[PDB]
Amino acid sequence: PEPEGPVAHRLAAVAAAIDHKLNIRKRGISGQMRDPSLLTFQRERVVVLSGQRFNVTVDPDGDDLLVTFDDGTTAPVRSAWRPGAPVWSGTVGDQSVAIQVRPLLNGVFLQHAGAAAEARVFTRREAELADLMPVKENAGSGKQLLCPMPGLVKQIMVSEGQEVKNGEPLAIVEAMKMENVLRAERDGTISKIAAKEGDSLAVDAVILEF
Amino acid sequence: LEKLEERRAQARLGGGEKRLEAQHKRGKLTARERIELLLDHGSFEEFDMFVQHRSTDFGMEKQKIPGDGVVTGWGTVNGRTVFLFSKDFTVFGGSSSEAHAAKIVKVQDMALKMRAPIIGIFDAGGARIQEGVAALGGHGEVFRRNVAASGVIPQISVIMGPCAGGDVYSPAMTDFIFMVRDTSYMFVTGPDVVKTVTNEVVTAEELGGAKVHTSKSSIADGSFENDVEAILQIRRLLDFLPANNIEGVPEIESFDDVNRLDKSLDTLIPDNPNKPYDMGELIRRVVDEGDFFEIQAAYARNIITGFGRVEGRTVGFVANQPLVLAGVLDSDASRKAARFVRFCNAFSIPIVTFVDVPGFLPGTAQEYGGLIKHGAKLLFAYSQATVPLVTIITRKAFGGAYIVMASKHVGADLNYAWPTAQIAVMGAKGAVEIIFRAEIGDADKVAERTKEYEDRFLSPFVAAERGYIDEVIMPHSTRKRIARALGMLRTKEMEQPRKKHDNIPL
Amino acid sequence: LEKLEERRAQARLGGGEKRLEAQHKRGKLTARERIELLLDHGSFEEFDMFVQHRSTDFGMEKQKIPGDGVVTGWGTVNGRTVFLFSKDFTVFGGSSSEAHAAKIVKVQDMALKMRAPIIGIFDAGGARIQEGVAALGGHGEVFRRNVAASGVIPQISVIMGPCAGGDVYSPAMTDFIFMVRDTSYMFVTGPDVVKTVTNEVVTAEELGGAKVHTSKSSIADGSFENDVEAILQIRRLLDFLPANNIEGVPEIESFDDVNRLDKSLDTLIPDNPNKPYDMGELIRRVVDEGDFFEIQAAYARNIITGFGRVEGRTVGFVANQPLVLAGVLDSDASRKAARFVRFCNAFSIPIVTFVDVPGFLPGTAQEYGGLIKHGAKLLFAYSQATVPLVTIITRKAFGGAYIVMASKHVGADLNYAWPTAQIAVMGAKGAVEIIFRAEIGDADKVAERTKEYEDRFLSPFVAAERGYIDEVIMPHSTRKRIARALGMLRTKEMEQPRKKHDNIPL
Amino acid sequence: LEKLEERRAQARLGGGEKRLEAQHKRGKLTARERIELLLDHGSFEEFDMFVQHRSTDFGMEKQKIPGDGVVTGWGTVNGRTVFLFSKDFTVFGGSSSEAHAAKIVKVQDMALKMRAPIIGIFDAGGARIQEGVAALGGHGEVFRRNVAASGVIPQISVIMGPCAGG
Ligand SMILES: CC(C)(COP(=O)(O)OP(=O)(O)OC[C@H]1O[C@@H](n2cnc3c(N)ncnc32)[C@H](O)[C@@H]1OP(=O)(O)O)[C@@H](O)C(=O)NCCC(=O)NCCS
Ligand SMILES: CC(C)(COP(=O)(O)OP(=O)(O)OC[C@H]1O[C@@H](n2cnc3c(N)ncnc32)[C@H](O)[C@@H]1OP(=O)(O)O)[C@@H](O)C(=O)NCCC(=O)NCCS
Ligand SMILES: CC(C)(COP(=O)(O)OP(=O)(O)OC[C@H]1O[C@@H](n2cnc3c(N)ncnc32)[C@H](O)[C@@H]1OP(=O)(O)O)[C@@H](O)C(=O)NCCC(=O)NCCS
Ligand SMILES: *C(=O)CCCC[C@@H]1SC[C@@H]2NC(=O)N[C@@H]21
Ligand SMILES: *C(=O)CCCC[C@@H]1SC[C@@H]2NC(=O)N[C@@H]21
């Protein structure tokens, strides 16, 4: 479920705070043409939270941060979180919070109060240009499990008539004195099993059908 | 003058409002938008906005378009100077002409002169046919300069559209090639000639798409979802790399500690020698903040290559991967790792290697394909390196593979080993079957001899007794030791013999 | 003293009368006989005749044989100094031990110090198992020195028996590998493991015999009938080659005349555009005395590479071959030519190229195999060269292939063209198909436009009018022109930019 | 082919019979005769005989003469290597254009690369007006190379007619 109300606002504020810390650190790289103390940081930001745009402004106060939304609402943000740690524990607007943080390309994945969301922080122009990008569909797998390496079947776990989720271990194929676990890349039921424990397979051979 | 402002406003429209709208409808950015997203705000200085072509054949004189199909100039990325060019698909399909090529040559020469990186963005169709041989000349002059810049400044290419014909050989001589999924492709000869000559029917996606070039062909170093993601990742990559072959790696303030211990690593190697583990976990625990930029992640997955940071300085990583093909060395993996090691040595980046290797891949396919030379490539790369080299053996190291993976014998500076390391000529079974060839008639003597061979030689202590290993360390100390060694080794100075160049095998 | 002559006579026997007679029964010479045939009479000085191994495991302390399985030393070939080593198959199967490796290292070091060539003769079985990891260490020290010597002194390898396992990676890093038919073979992993792992049954000849490595794998530069033929051909090769990367090519007194014309060359090119001809004929008519030493003859026969002499000085030759795949460039040919060009440039040998190329080879097999980088290897090699380059276009030069084949744009010094040359972006049919895409329906207009395009553009004169060709010459003048140009270009001075090394694709 | 020797003979005439006889009437040799006198017998190798200009202004596209007004190449003097160029007064008054300048630049570069002397023979009237600023560019590229060669290879100049402006 995607967040709502104060939860979503707290998540967006934490996202902005993380982005600000990282930009500050980034701007200290060696080898620059002139001193960075003479450059400016843009105050207006767009937090995108699994398709829910928040226009915000970020301002440092004391040693902590202040994030202002369009409603005039304000949220101060304070924490001692550092990159690498898996938990952001701090204060957002007179409420202590703990949030699970994971990384992803150009942003983070955040979990809080049973809600989960991808989070990306842009400038206005970056957001305008990102809104020109399409939403692409996934093709999906092809109804059957094919052996990607030649080897010997060591163990088949699932049974016929068995619905499966992703990451489900299905079989083990040993080759060159090393086990290899095969997993489900889709969801569905096991119709029939074509391979027996102890068999020997070639590349692109069929093990089971969905 | 208002009129000059109008001249500029008209140059900025390329080949028309309709063509730009069609580009947008395909889900693709324009040349100038790409330049805008790559560089720091307000830093872009453009060269040669008003350049026009001078061809008079086949009616070309009636359509002169300012810029001639490429946008060129310079700016800053995170404060550091970079040069760049971007091809405009809306002008004669981004095809290269004489003046177009002259613009590219201008920025290439300036970048070599200033000793700064150069980024090329490709969305093109090759040599403009209406101009004939002159067009080809242009390509040549670009190629030459690519070759002059190799090992002096980093050269990055981004494929965001079609790239066909002579256009493909310029990215091929650069250091890294990145692609966008579902809108880009590369090939030398296109589907029509393929149909007429080979009778095979094939789409462009099938012939030269992102999947082909990231998983099967060895050409592309990675792929991305769309243009915005890709340009943001190029910005990320530029912050790891040296500006040139003199200045050394950039430095940043790290949020991590160098004296921290990692207890979990003490349980990463399984008791059963038949069960694998994920070497990527080790790498992502050793680097600062868990941040790792992987190179050729979808190709030859039996080996891992990429960039991380230690104490805020860039470090390259090579590692065997047991999860795929039992971590063996084959031709593909060897070539992958060899190019990476050569780049890092050329630009003075230190290298850390993690070793778990049982041997090479057997079969007629490998031998007929040229494994002798392909394998020799990696050995050559390591033996030639003068940067610091730190190697850590986790579990297996047998035979020639042990020598190839940054051993002390080929020039490594420091060589550690975990307690689970097994450094030997080969496995106990085969060693016994060879040494005791005229005794295999029995079954119990066989087991006894195999057990005693295991006890004596399948360990790290013979190599330690000979000094091939500097220390056997506990796993939890890995990071702490690496960070210390690298520090000490920053002052290494060594040089190879004098020569025009080596004769590394191809 | 008699005792010392007795100990010498006893060290010369190696592993015993019986094993030596059995070697003779296989049709093979001994190590010392090989040395005796290679070197000038009376010239051999041997090192380290009495060396012995120091292992005490598996009873080895009871079989101590002086020399430890390899003969090492120095001598002269046609009066010029050379260093050499020869493995002895009778002693522990020619296997490499610690002291064995130290013997090879002594002569490698000496060859680098003296700046003289080194020849290695291989009849062996790899790392000696009983000595364990120590043996591996040995191999490493050899490998490193190979890499240090690359591009400083020429290194030649002769495979006159088995060569398996680690033994293969040393010859792979040398400049030339030659093999003897039906008694030699090379492979990383042997047939037994191949059976255990892939279930396929193959003989040693089928896995790594001379046919495989001279026609399929890209490993070997040539094969010979027997040992005597091979060694005499090595003596022939050495006379062409420089002694190091400073002294330049050797000179001999020629019996030919540099001012002779050849009228028959005015009829070599057929009138029918679809009929081929033999470029080897041209090469063999242009060199002194018709004498030409070909390299990689049996592999990628759509291109020719080899050594000849002009005015008594060595010259390298690269040529397209219309007889095979219409002379197109593919990946195999590009690799074959790139290695040769790089070797020539390293040791200051000038290069002459003969061009007749319609393009690259189309298809999924080529693109999936990585043509984009393989074809770039050759472009990189020519663009990087600082030696004299002379190019002659005979019939066709289309597209990017024209650029790659030593064009003026990539750095050629002199560029000539015969009267039958066609220098163009592509053939007329496709050119007008593309340009006149909105009029393809008709059939008279198309033929008229094709004829007009052929008349205007498929000639050497547009390239001549732009200065891309320095002169259009008569075929019968070819030799006379080449010899003159080379004479003038001997004083050429040029340098690449300063760098540790390039980052050529691999 | 015979057509090729015909093309050669037609390039050796420059601006025509009448202009050549006028040059002789003034007591002046031709550019090619001057080359023949300077170099050893049978040693001259010519570069870029068929080069043409690419201007389309002021009716210039109707008069394209092979060589573009300069003869360039190399040879020997008393057995020693030399490079040279000679301007032809019968072709636009030996005026300098883009391709003209490119030919001269080629021989300058070669002379520096092989470390041999270079001789320039001058009979000319400067930058070709019809070509505009492009012509000036040519002059520039020549100037720079002179400076690069100073103190490295000897450079000799012979003025055998007019030599004005640039
Ligand atoms: C680059 C290419 C793959 C792009 O394919 P595409 O996206 O389907 O689009 P198009 O080919 O129709 O190209 C866009 C325009 O650029 C022009 N263009 C493309 N490549 C060109 C080239 N090398 N020279 C000149 N013009 C070129 C095309 O004529 C076309 O013009 P139009 O819209 O005005 O009619 C393809 O055109 C191509 O392969 N070009 C190379 C030249 C060639 O050999 N083409 C023949 C086979 S397509
Ligand atoms: C080199 C080789 C290809 C030659 O095979 P071959 O001509 O059929 O002959 P053999 O194997 O009988 O070898 C000749 C001798 O050298 C010995 N030898 C060969 N390679 C050796 C090595 N690496 N270490 C120690 N001794 C070795 C053999 O044991 C044999 O001695 P023997 O006559 O005393 O029994 C093969 O021996 C080999 O592959 N050696 C590598 C080691 C190995 O893995 N052997 C097992 C596969 S057979
Ligand atoms: C070189 C020069 C001194 C020769 O004087 P001259 O022998 O009396 O002869 P001309 O001036 O008649 O020149 C010979 C031809 O070369 C042409 N020519 C000379 N210099 C030229 C130039 N720079 N650009 C183009 N054409 C030129 C003239 O047009 C004339 O052509 P034409 O005889 O077919 O009509 C003179 O032409 C000159 O000064 N040119 C330099 C450019 C200039 O500023 N000239 C202004 C008019 S003098
Ligand atoms: C047991 O089955 C022995 C065969 C497997 C040996 C493995 S296969 C890949 C490695 N390379 C090699 O030669 N030996 C190792
Ligand atoms: C006419 O039939 C043209 C088709 C064949 C063209 C040949 S195939 C190999 C060369 N490469 C290329 O692109 N065209 C040439």
Side-chain angles (χ1 to χ4, degrees), chain B residues 15 19 22 26 58 60 63 69 89-97 123-131 135 161-167 183 185-198 204 207-208 399 425-426 430-431 433-435 437-438, chain C residues 15 18-19 22 26 58 60 63 69 89-97 123-131 135 161-167 183 185-187 189-193 204 207-208 274 325-330 357-363 366 396 398-401 425-427 429-431 433-435 437-438:
Chain B
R19 290 194 187 267
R26 287 138 150 179
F58 304 111
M60 286 291 292
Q63 54 186 355
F89 185 74
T90 60
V91 178
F92 303 102
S95 49
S96 172
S97 79
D123 187 1
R128 196 175 300 173
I129 305 293
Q130 299 93 354
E131 287 188 355
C163 182
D167 289 345
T183 48
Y185 47 85
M186 309 179 66
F187 37 75
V188 172
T189 301
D192 292 330
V193 175
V194 166
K195 170 66 182 301
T196 48
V197 166
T198 64
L207 187 54
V425 178
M426 50 168 81
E433 294 174 328
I434 291 162
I435 290 150
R437 47 208 181 260
Chain C
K18 183 148 177 296
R19 292 183 182 275
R26 290 164 207 141
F58 310 108
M60 298 293 294
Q63 286 74 242
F89 183 78
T90 56
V91 180
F92 314 111
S95 65
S96 174
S97 65
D123 192 350
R128 185 178 303 170
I129 300 296
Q130 295 84 357
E131 289 205 12
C163 184
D167 265 334
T183 51
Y185 50 80
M186 311 173 76
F187 42 71
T189 302
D192 52 308
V193 177
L207 187 60
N274 310 128
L325 296 171
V328 301
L329 282 166
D330 71 339
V357 65
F360 309 90
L361 182 70
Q366 276 297 300
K396 305 197 292 300
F398 293 166
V425 292
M426 56 166 83
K429 192 158 72 170
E433 268 162 28
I434 287 152
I435 299 169
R437 53 194 184 264

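Throughout, protein chains are lettered first and strands after them, A, B, ... in sequence-line order, and every chain is numbered starting at 1. For ligands, and for the atoms within them, numbers begin at 1 and follow the listed sequence.
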**Q** Just to confirm my output: which protein heavy-atom neighbour is closest to atom 45 (N) of ligand 2, and how far is it?
**A**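 I find the closest protein heavy atom is B:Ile434 CD1, 3.9 Å.
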**Q** Compare B:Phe92, B:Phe89, B:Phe187 and give the one whose heavy atom is closest to atom 18 (N) of ligand 1.
**A**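 It is B:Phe92 whose heavy atom sits nearest to atom 18 (N) of ligand 1.
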**Q** How far is atom 33 (O) of ligand 1 from its nearest protein heavy atom, and which residue and atom name does that atom have?
**A**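 Protein heavy atom with the smallest distance to atom 33 (O) of ligand 1: B:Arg19 NH1, 3.7 Å.
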**Q** Below the 3.5 angstrom mark, is there an N/O of C:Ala127, backbone or side chain, next to an N/O of ligand 2?
**A** yes
**Q** Please report whether atom 10 (C) of ligand 5 has a protein non-hydrogen atom at a separation of less than 4.0 Å.
**A**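 Within 4.0 Å: yes, protein heavy atom nearby.
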**Q** If we only consider heavy atoms of B:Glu131, is any one of them less than 4.0 Å away from an atom in ligand 1?
**A** no
**Q** Can you find a protein heavy atom under 4.0 Å from atom 5 (C) of ligand 5?
**A**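 So atom 5 (C) of ligand 5 has protein heavy-atom neighbours under 4.0 Å.
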**Q** Tell me: protein heavy atom nearest atom 2 (O) of ligand 5, and distance?
**A** C:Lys429 NZ, 4.3 Å
**Q** Is B:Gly125 close to ligand 1, meaning an N/O of one under 3.5 Å from an N/O of the other?
**A**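 It does: an N or O of B:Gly125 is found under 3.5 Å from an N or O of ligand 1.
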**Q** Nearest to atom 48 (S) of ligand 1 by heavy atom, B:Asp167, B:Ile129, B:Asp192: which?
**A**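 It is B:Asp192 that holds the nearest heavy atom.
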**Q** Among all protein heavy atoms, pick out the one at the shortest distance from atom 6 (P) of ligand 1; state its residue, atom name and that distance to 0.1 Å.
**A**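 Looking at atom 6 (P) of ligand 1, the protein heavy atom closest to it is B:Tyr185 OH, 4.8 Å.
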**Q** Is the closest heavy atom of C:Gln130 to ligand 2 under 4.0 Å?
**A** yes
**Q** What's the shortest distance from atom 12 (C) of ligand 5 to any protein heavy atom, and which residue and atom give it?
**A**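 Answer for atom 12 (C) of ligand 5: C:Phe360 O, 4.1 Å.
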**Q** Please confirm whether C:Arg437 comes under 4.0 Å of ligand 1, counting heavy atoms of the residue only.
**A** yes
**Q** I need the contact type for B:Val197 against ligand 5. Using non-hydrogen atoms and a strict under-4.0 Å cut-off, is it side chain, backbone, both or neither?
**A**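 The side chain, only.
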**Q** Show the atoms of ligand 2 that are less than 4.0 angstrom away from any heavy atom in C:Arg128.
**A** 24 (N)
**Q** Does the protein put a heavy atom under 4.0 Å from atom 27 (C) of ligand 1?
**A**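 Yes, there is one.
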